[PDB]
Amino acid sequence: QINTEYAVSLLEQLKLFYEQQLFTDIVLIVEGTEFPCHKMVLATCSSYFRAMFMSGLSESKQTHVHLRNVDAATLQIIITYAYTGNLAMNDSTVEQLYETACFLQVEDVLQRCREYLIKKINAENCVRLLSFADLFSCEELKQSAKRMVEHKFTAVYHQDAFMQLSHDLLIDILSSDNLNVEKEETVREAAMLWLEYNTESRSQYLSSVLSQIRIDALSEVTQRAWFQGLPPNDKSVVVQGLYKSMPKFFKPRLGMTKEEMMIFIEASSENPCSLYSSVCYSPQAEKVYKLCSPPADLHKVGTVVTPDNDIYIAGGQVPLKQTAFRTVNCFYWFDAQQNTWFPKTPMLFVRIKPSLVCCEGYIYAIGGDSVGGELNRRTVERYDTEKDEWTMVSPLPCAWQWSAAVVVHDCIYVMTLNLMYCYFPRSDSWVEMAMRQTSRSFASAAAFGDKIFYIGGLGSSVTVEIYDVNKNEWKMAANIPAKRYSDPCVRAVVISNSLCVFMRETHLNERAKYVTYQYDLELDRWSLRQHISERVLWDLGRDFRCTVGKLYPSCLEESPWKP
Amino acid sequence: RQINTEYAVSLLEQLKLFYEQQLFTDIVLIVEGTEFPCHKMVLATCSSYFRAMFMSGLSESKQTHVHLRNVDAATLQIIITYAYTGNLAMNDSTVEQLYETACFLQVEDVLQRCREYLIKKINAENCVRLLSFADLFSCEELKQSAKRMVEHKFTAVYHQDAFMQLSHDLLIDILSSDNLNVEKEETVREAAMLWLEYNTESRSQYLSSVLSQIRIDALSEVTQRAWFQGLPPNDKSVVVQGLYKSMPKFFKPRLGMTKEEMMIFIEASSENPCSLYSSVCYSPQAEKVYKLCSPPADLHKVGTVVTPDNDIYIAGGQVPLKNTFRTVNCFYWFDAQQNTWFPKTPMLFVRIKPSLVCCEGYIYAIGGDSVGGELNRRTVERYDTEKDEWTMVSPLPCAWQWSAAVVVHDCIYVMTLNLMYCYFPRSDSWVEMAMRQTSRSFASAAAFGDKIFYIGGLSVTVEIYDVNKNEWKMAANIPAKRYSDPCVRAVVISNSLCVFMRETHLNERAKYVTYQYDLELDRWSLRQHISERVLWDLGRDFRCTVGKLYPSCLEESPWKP
Amino acid sequence: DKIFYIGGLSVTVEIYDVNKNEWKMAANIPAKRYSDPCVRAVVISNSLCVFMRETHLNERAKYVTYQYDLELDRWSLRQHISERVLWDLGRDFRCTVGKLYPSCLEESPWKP
């Protein structure tokens, strides 16, 4: 191999020459700023300077080149990267950095800024990044922007930059089958408002934008509104659209295929190769669709589903390369369509079984057997979904183990064996709450409306303690009627605007039975909503978690397994 | 910060590509008509002369066609390619010219690399040549190393052709030094004479200087008559100046005369509990116990060998892994004056307790757990003391453990439980020899004269073998106290066969005593009993070998009687 | 018409002939020392060949088949099986010669 010591010595000597200006022969003249540099470094880094000097043109012998349509700071950072290899990339100058990298065809920095932008893609810059990837040919960025823009924009459709988009880009966006919309009318009104941004600059594109939307809205309202905005005496558009909507037979999209499903993690892996897998139950389809394995079989993790219906994974441990397990603070995000886990910004401290709770767009991970264990062994930390970073919050006053947390009334409610503390995001403080009369642990709670339903606790039992936020008191309702001499595995969840329970029971010398019940809020009784047949759902285990979310049956595949 | 990953590698790759395509070049070197287009930046960062060549405001600074002379084309090309890729890839022949060109161009990194390569390759013959080379181009490390190697070997050769052509200052430094490895004072005198006979009437003043340097002890023997035979005519004051070198200038004894025949021991009972084993020495005549520094200071289970030129080598061994005994194939050599260990070319297989045998100037390592389970476990590997390399030879006939090997009549002999094979260095093959009637292992043999004396085994078995007769016979039993397990050690002492044995009983202390054995008497006469007041316990895995050492360089081992 | 008993505990090559009714040695297969050659002898395209794998300490297994000649008593290098297509087999694996259909069978997916 090439001697790295001599390579770094040569590089540092060249950078010293650059700083001291000894062997510089070519100077870059940009907006009156002198940039003394060499030809060898520029040729090695950029693919434009190699064609600027070794070409035989008038600049081959000229020692002063007036490089135009560039920026001084961008050129300076590119030169210093070419001379030392350090590329300091902030969150603002990456746009002009990519512009100048495409202006010098510097694939070295082009790849670096492409990776930075593939990491930086978020909701508030999705349309801007897609427009940037349309301006400069970049297929990876274009595809990532396609996916993220489709999802987040069809969720939001309010960005100001969406109005200033090319016709081809909008045709690609609207005609795609990856849009995430609960209805087919929101895309219609989004297209209408985009068209009405201008009057005559969009008339020619009117015949094309309607060609990608289904005819179910091409004969109903929002056709006379276009006639109102039609240019005067234009008889080539009204009669055109009058007899035009014959083709494009109505085909349902993919965004209207989200159903309230119970996502399960760390289930009993059918194949012994994996230790744990992930499955999902369909309360409506009455089937069990398989889910992608956790990233690097990440066990002992926590789940959260934001009000925007997004799944996240935090904490967990990976078997170190017989008992062998090491805890990692890696963070991941689940793609609802690609059926894969996209990595995100990792946490600061590793966790085991963390309680992920979403509130005000922030992901809160409370506790989880942190590595530190100092006097603040109860330190909790939130995540920024806008800036893609983690921020510490007010620590929990008391150290708790095997706890659960929910969000009610824009506040974090973490529950332990007998104590409860409410966190105020506005003031970053903890307030003492009501005290339970029973010592129970290893249970889960579901936030339904303005009440907290702590179900089960210790196997578990059928004890239920209902807490009211407005009343600040713990009261008993009833006990779930289950078979005696059994060990039910209770799982509290909210589904169909009602509090249902996923309770798996096992009898003596008998296999586990799956059945869910609907708890009557006013009657204080668990009614049999549906019985899960064992012909579709097999054993899941004991350390499995359940959460409420929506998934697409089309993108996912049915798990092939014998009843 | 110097980021050595992606950017660094890509940049150096593209720089090599440009050197190859002749791109962005602005300076070309003319070397006896050969053109070497290159860049000023690389020459400035690599060579400390090209930076002044292009930065100093003179004529060659801007001159594109520079005619650099007194430099070889191949050496400049290899220097340029090293500057452009970082790899030197130096051979063993063009080292001198490469070093000369590096010194002329003042390229520090390649200068250091060549200095290390030269200091590692003072084997047997280029010692005086590279010493003169280092005298011409000042190099303190090379000068000192070559001086020590010369003081070690030229004192035994003193006939090298290159030694004749030496500057006066270097010769004065060599001769006046007290590191001459000569057991006699006339050899240096005749060496100086022959250095002053081939070049006479040209270095007459230097002749007088060397005459004074060799001093009275050798000045009063023959030098006057030889000079009278060889003096130029009409020389009178030269007689006056030569007659003056009889009384003065501090006649003192030399150092090479102290080549006392002693015994080198390894893996002794360490005094400080922090250390496990130690290497010590014993003086048969001075009746003193000297110590030696451990070669690795942590690795044990080594094998010893002594060449006819009284050299000590260490090969193989095992060292603890020090996790929070691994075998290493390293090699070492003992310095007779610096009391240190200079490593040499390592072996190819990690052996455990190798048996090294010297023959025809080559070191032969026979057996010793080459590394472990092997397709052909019965295998050997020899060493070249001149070329400094390991050459594979014909393997062993049979696989043996705890074997011993000696050299007799310039032939390799290896002894095992009951079999013996003679290896022919000329034909590189093994010939079957006589088989012992007794099956004994864990013993060693000594090559005294023309007879091999296999002593011990499990005892006191004395089986004498003769090469000319090819037969095994018994002589007698060594007188040892009963209810004991003697540890026999057979080795040559002062051209007389002797043994070094230690007896151990129950609830009794070990006793060390050496006996004098006679060939026709078959009896071990009491030669000397080693007193415990000077020598302490050694152990069980200790080894013994015969060699000459310097008392002044070594240090006495402190121990309470 | 000759039986080739290869290996045993090694690289023992003992050739037997029905007509000659005798056991003889030919040569030793060129195998790196400090290795355990899993020899496998089988007929290939009406030509005697072998399939052997060598294993050392802290080293990866290598698969390579050699072409052996009757009168030369030497295993000429016929083809070295690249590890990019074939992975490790094991110790108790068996080898036999037969004709198969590629379309009916399926390729084994494995990362090079």
# chains A, B, ... in the order shown; residues from 1 in each chain; ligands from 1
>>> interface_residues(of="chain B", to="chain A", cutoff="7 Å", atoms="only C-alpha atoms", output="VMD selection string")
chain B and resid 2 to 4 7 to 8 11 to 12 14 to 15 23 to 24 41 45 85 to 87
>>> residues_around(residues="residue 469 of chain A", least_positions_apart="4", cutoff="9 Å", atoms="only C-alpha atoms", output="PDB file with N, CA, C and O atoms, in the first residue's frame")
ATOM      1  N   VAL A 408     -51.084  12.944  27.776  1.00  0.00           N
ATOM      2  CA  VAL A 408     -52.459  13.416  27.899  1.00  0.00           C
ATOM      3  C   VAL A 408     -52.426  14.919  28.130  1.00  0.00           C
ATOM      4  O   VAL A 408     -51.623  15.407  28.935  1.00  0.00           O
ATOM      5  N   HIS A 409     -53.296  15.651  27.432  1.00  0.00           N
ATOM      6  CA  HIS A 409     -53.456  17.094  27.617  1.00  0.00           C
ATOM      7  C   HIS A 409     -52.127  17.829  27.442  1.00  0.00           C
ATOM      8  O   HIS A 409     -51.762  18.701  28.235  1.00  0.00           O
ATOM      9  N   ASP A 450     -59.114  11.935  27.872  1.00  0.00           N
ATOM     10  CA  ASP A 450     -58.481  12.636  28.980  1.00  0.00           C
ATOM     11  C   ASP A 450     -58.352  11.749  30.215  1.00  0.00           C
ATOM     12  O   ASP A 450     -58.411  12.235  31.348  1.00  0.00           O
ATOM     13  N   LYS A 451     -58.177  10.445  30.013  1.00  0.00           N
ATOM     14  CA  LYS A 451     -58.061   9.501  31.112  1.00  0.00           C
ATOM     15  C   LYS A 451     -56.901   8.553  30.851  1.00  0.00           C
ATOM     16  O   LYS A 451     -56.574   8.246  29.701  1.00  0.00           O
ATOM     17  N   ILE A 452     -56.284   8.090  31.933  1.00  0.00           N
ATOM     18  CA  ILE A 452     -55.185   7.132  31.882  1.00  0.00           C
ATOM     19  C   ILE A 452     -55.681   5.817  32.464  1.00  0.00           C
ATOM     20  O   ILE A 452     -56.229   5.789  33.572  1.00  0.00           O
ATOM     21  N   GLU A 473     -57.282  11.618  40.502  1.00  0.00           N
ATOM     22  CA  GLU A 473     -57.571  10.558  41.456  1.00  0.00           C
ATOM     23  C   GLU A 473     -57.514   9.216  40.740  1.00  0.00           C
ATOM     24  O   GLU A 473     -57.822   9.116  39.549  1.00  0.00           O
TER      25      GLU A 473
END
>>> atom_distance(atom1="atom CA of residue 123 of chain B", atom2="atom CA of residue 149 of chain B")
8.5 Å
>>> interface_residues(of="chain C", to="chain B", cutoff="7 Å", atoms="only C-alpha atoms", output="count of residues only")
3
>>> closest_atom_pairs(of="segment 385-481 of chain B", to="segment 299-320 of chain B", cutoff="12 Å", atoms="only C-alpha atoms", output="Markdown table")
| residue | atom | partner | partner_atom | distance |
| --- | --- | --- | --- | --- |
| B:385 | CA | B:307 | CA | 10.2 |
| B:404 | CA | B:303 | CA | 11.1 |
| B:405 | CA | B:305 | CA | 10.7 |
| B:406 | CA | B:305 | CA | 9.9 |
| B:407 | CA | B:307 | CA | 10.7 |
| B:410 | CA | B:308 | CA | 11.5 |
>>> select_by_dssp(residues="segment 8-70 of chain B", states="strand (DSSP E or B)", output="ChimeraX atom specification")
/B:27-31,34-38,65-67
>>> residues_around(residues="residue 81 of chain B", least_positions_apart="6", cutoff="10 Å", atoms="only C-alpha atoms", output="JSON, numbers by chain")
{"B": [16, 19, 75, 87, 88]}
>>> write_last_selection(atoms="N, CA and C atoms", output="JSON list (two decimals), in the first residue's frame")
[["chain", "number", "residue", "atom", "x", "y", "z"],
["B", 16, "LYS", "N", 0.00, 10.88, -8.72],
["B", 16, "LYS", "CA", 0.77, 9.83, -9.45],
["B", 16, "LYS", "C", 0.31, 9.82, -10.92],
["B", 19, "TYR", "N", 1.92, 12.71, -12.72],
["B", 19, "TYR", "CA", 3.36, 12.41, -12.95],
["B", 19, "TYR", "C", 3.47, 11.50, -14.17],
["B", 75, "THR", "N", 19.12, 6.80, -9.92],
["B", 75, "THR", "CA", 18.91, 7.26, -8.55],
["B", 75, "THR", "C", 17.94, 8.43, -8.49],
["B", 87, "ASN", "N", 6.88, 5.10, -1.76],
["B", 87, "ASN", "CA", 7.55, 3.82, -1.68],
["B", 87, "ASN", "C", 8.96, 3.92, -2.26],
["B", 88, "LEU", "N", 9.94, 3.44, -1.50],
["B", 88, "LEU", "CA", 11.34, 3.49, -1.91],
["B", 88, "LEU", "C", 11.74, 2.27, -2.73]]
>>> residues_around(residues="residue 219 of chain A", least_positions_apart="6", cutoff="12 Å", atoms="only C-alpha atoms", output="NGL selection string")
:A and (210 or 213 or 241-246 or 250)
>>> write_last_selection(atoms="N, CA and C atoms", output="PDB file, in the first residue's frame")
ATOM      1  N   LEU A 210     -54.994  17.741 -15.242  1.00  0.00           N
ATOM      2  CA  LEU A 210     -56.229  16.980 -15.109  1.00  0.00           C
ATOM      3  C   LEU A 210     -56.115  15.594 -15.725  1.00  0.00           C
ATOM      4  N   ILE A 213     -55.137  13.090 -12.722  1.00  0.00           N
ATOM      5  CA  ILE A 213     -56.089  12.871 -11.639  1.00  0.00           C
ATOM      6  C   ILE A 213     -57.246  12.038 -12.171  1.00  0.00           C
ATOM      7  N   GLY A 241     -62.293  20.503 -22.304  1.00  0.00           N
ATOM      8  CA  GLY A 241     -62.544  19.714 -21.111  1.00  0.00           C
ATOM      9  C   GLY A 241     -63.941  19.136 -21.036  1.00  0.00           C
ATOM     10  N   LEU A 242     -64.885  19.686 -21.802  1.00  0.00           N
ATOM     11  CA  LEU A 242     -66.243  19.151 -21.812  1.00  0.00           C
ATOM     12  C   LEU A 242     -66.271  17.731 -22.365  1.00  0.00           C
ATOM     13  N   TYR A 243     -65.548  17.486 -23.458  1.00  0.00           N
ATOM     14  CA  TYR A 243     -65.527  16.176 -24.096  1.00  0.00           C
ATOM     15  C   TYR A 243     -64.199  15.443 -23.920  1.00  0.00           C
ATOM     16  N   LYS A 244     -63.382  15.838 -22.945  1.00  0.00           N
ATOM     17  CA  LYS A 244     -62.060  15.247 -22.789  1.00  0.00           C
ATOM     18  C   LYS A 244     -62.011  14.117 -21.772  1.00  0.00           C
ATOM     19  N   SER A 245     -62.845  14.152 -20.735  1.00  0.00           N
ATOM     20  CA  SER A 245     -62.734  13.162 -19.669  1.00  0.00           C
ATOM     21  C   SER A 245     -63.442  11.858 -20.028  1.00  0.00           C
ATOM     22  N   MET A 246     -63.125  11.304 -21.199  1.00  0.00           N
ATOM     23  CA  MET A 246     -63.523   9.949 -21.562  1.00  0.00           C
ATOM     24  C   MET A 246     -62.507   8.922 -21.061  1.00  0.00           C
ATOM     25  N   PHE A 250     -61.311   5.763 -13.466  1.00  0.00           N
ATOM     26  CA  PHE A 250     -61.033   5.973 -12.050  1.00  0.00           C
ATOM     27  C   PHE A 250     -60.366   4.755 -11.426  1.00  0.00           C
TER      28      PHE A 250
END
>>> residues_around(residues="residue 488 of chain A", least_positions_apart="5", cutoff="8 Å", atoms="only C-alpha atoms", output="ChimeraX atom specification")
/A:459-461,482,503-506
>>> closest_residue(among="B:125, B:532, B:541, B:235", to="residue 561 of chain B", atoms="only C-alpha atoms")
B:532
>>> select_by_dssp(residues="segment 58-213 of chain A", states="helix (DSSP H, G or I)", output="VMD selection string")
chain A and resid 72 to 84 94 to 104 107 to 120 126 to 135 139 to 156 160 to 162 167 to 175 185 to 195 203 to 209
>>> residues_around(residues="residue 551 of chain A", least_positions_apart="3", cutoff="7 Å", atoms="only C-alpha atoms", output="number ranges by chain")
A: 258-259, 261, 336
>>> atom_distance(atom1="atom CA of residue 418 of chain A", atom2="atom CA of residue 485 of chain A")
26.3 Å
>>> residues_around(residues="segment 285-299 of chain A", least_positions_apart="3", cutoff="7 Å", atoms="only C-alpha atoms", output="PyMOL selection string")
chain A and resi 266+277-282+316-318+339-341+536-537+556-559
>>> write_last_selection(atoms="N, CA, C and O atoms", output="PDB file, in the first residue's frame")
ATOM      1  N   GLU A 266     -40.605  -7.768  18.338  1.00  0.00           N
ATOM      2  CA  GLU A 266     -39.909  -8.800  19.106  1.00  0.00           C
ATOM      3  C   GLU A 266     -40.773 -10.040  19.310  1.00  0.00           C
ATOM      4  O   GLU A 266     -40.736 -10.668  20.373  1.00  0.00           O
ATOM      5  N   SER A 277     -38.597 -11.564  15.912  1.00  0.00           N
ATOM      6  CA  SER A 277     -39.037 -10.965  14.625  1.00  0.00           C
ATOM      7  C   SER A 277     -40.084  -9.883  14.901  1.00  0.00           C
ATOM      8  O   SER A 277     -40.163  -9.435  16.052  1.00  0.00           O
ATOM      9  N   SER A 278     -40.845  -9.475  13.883  1.00  0.00           N
ATOM     10  CA  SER A 278     -41.893  -8.482  14.064  1.00  0.00           C
ATOM     11  C   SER A 278     -43.067  -8.826  13.159  1.00  0.00           C
ATOM     12  O   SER A 278     -42.881  -9.062  11.960  1.00  0.00           O
ATOM     13  N   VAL A 279     -44.266  -8.858  13.732  1.00  0.00           N
ATOM     14  CA  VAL A 279     -45.489  -9.165  13.010  1.00  0.00           C
ATOM     15  C   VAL A 279     -46.523  -8.086  13.323  1.00  0.00           C
ATOM     16  O   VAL A 279     -46.287  -7.186  14.129  1.00  0.00           O
ATOM     17  N   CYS A 280     -47.677  -8.188  12.671  1.00  0.00           N
ATOM     18  CA  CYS A 280     -48.759  -7.236  12.881  1.00  0.00           C
ATOM     19  C   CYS A 280     -50.090  -7.951  12.712  1.00  0.00           C
ATOM     20  O   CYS A 280     -50.215  -8.855  11.882  1.00  0.00           O
ATOM     21  N   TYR A 281     -51.076  -7.537  13.500  1.00  0.00           N
ATOM     22  CA  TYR A 281     -52.416  -8.100  13.437  1.00  0.00           C
ATOM     23  C   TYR A 281     -53.357  -7.119  12.752  1.00  0.00           C
ATOM     24  O   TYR A 281     -53.251  -5.905  12.941  1.00  0.00           O
ATOM     25  N   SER A 282     -54.282  -7.655  11.953  1.00  0.00           N
ATOM     26  CA  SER A 282     -55.240  -6.831  11.233  1.00  0.00           C
ATOM     27  C   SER A 282     -56.603  -6.952  11.900  1.00  0.00           C
ATOM     28  O   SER A 282     -57.270  -7.988  11.756  1.00  0.00           O
ATOM     29  N   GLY A 316     -32.169   0.147  22.680  1.00  0.00           N
ATOM     30  CA  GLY A 316     -32.002  -1.251  22.348  1.00  0.00           C
ATOM     31  C   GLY A 316     -30.557  -1.702  22.471  1.00  0.00           C
ATOM     32  O   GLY A 316     -29.631  -0.911  22.659  1.00  0.00           O
ATOM     33  N   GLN A 317     -30.381  -3.016  22.356  1.00  0.00           N
ATOM     34  CA  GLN A 317     -29.072  -3.640  22.450  1.00  0.00           C
ATOM     35  C   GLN A 317     -28.883  -4.619  21.300  1.00  0.00           C
ATOM     36  O   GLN A 317     -29.844  -5.206  20.795  1.00  0.00           O
ATOM     37  N   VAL A 318     -27.630  -4.785  20.889  1.00  0.00           N
ATOM     38  CA  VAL A 318     -27.272  -5.697  19.809  1.00  0.00           C
ATOM     39  C   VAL A 318     -26.310  -6.738  20.373  1.00  0.00           C
ATOM     40  O   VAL A 318     -25.472  -6.403  21.224  1.00  0.00           O
ATOM     41  N   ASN A 339     -40.997  -0.496   3.490  1.00  0.00           N
ATOM     42  CA  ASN A 339     -40.858  -1.642   4.392  1.00  0.00           C
ATOM     43  C   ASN A 339     -39.409  -1.817   4.844  1.00  0.00           C
ATOM     44  O   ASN A 339     -38.845  -2.914   4.809  1.00  0.00           O
ATOM     45  N   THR A 340     -38.801  -0.714   5.272  1.00  0.00           N
ATOM     46  CA  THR A 340     -37.428  -0.730   5.754  1.00  0.00           C
ATOM     47  C   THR A 340     -37.270   0.343   6.819  1.00  0.00           C
ATOM     48  O   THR A 340     -38.064   1.283   6.905  1.00  0.00           O
ATOM     49  N   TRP A 341     -36.230   0.191   7.634  1.00  0.00           N
ATOM     50  CA  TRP A 341     -35.950   1.105   8.735  1.00  0.00           C
ATOM     51  C   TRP A 341     -34.825   2.045   8.316  1.00  0.00           C
ATOM     52  O   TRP A 341     -33.679   1.615   8.146  1.00  0.00           O
ATOM     53  N   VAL A 536     -54.594 -18.210  12.201  1.00  0.00           N
ATOM     54  CA  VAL A 536     -53.866 -17.139  11.541  1.00  0.00           C
ATOM     55  C   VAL A 536     -52.737 -16.599  12.409  1.00  0.00           C
ATOM     56  O   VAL A 536     -51.670 -16.252  11.896  1.00  0.00           O
ATOM     57  N   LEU A 537     -52.947 -16.520  13.720  1.00  0.00           N
ATOM     58  CA  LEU A 537     -51.977 -15.939  14.642  1.00  0.00           C
ATOM     59  C   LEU A 537     -51.393 -17.041  15.517  1.00  0.00           C
ATOM     60  O   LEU A 537     -52.135 -17.790  16.159  1.00  0.00           O
ATOM     61  N   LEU A 556     -46.948  -4.226   2.290  1.00  0.00           N
ATOM     62  CA  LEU A 556     -46.542  -5.357   3.107  1.00  0.00           C
ATOM     63  C   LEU A 556     -47.002  -6.665   2.470  1.00  0.00           C
ATOM     64  O   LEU A 556     -47.860  -6.687   1.585  1.00  0.00           O
ATOM     65  N   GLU A 557     -46.410  -7.762   2.933  1.00  0.00           N
ATOM     66  CA  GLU A 557     -46.711  -9.089   2.420  1.00  0.00           C
ATOM     67  C   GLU A 557     -47.175  -9.997   3.550  1.00  0.00           C
ATOM     68  O   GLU A 557     -46.727  -9.872   4.694  1.00  0.00           O
ATOM     69  N   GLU A 558     -48.086 -10.907   3.217  1.00  0.00           N
ATOM     70  CA  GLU A 558     -48.594 -11.859   4.195  1.00  0.00           C
ATOM     71  C   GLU A 558     -47.496 -12.825   4.618  1.00  0.00           C
ATOM     72  O   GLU A 558     -46.701 -13.289   3.795  1.00  0.00           O
ATOM     73  N   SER A 559     -47.450 -13.126   5.912  1.00  0.00           N
ATOM     74  CA  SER A 559     -46.434 -14.027   6.440  1.00  0.00           C
ATOM     75  C   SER A 559     -46.825 -15.474   6.168  1.00  0.00           C
ATOM     76  O   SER A 559     -47.878 -15.918   6.643  1.00  0.00           O
TER      77      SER A 559
END
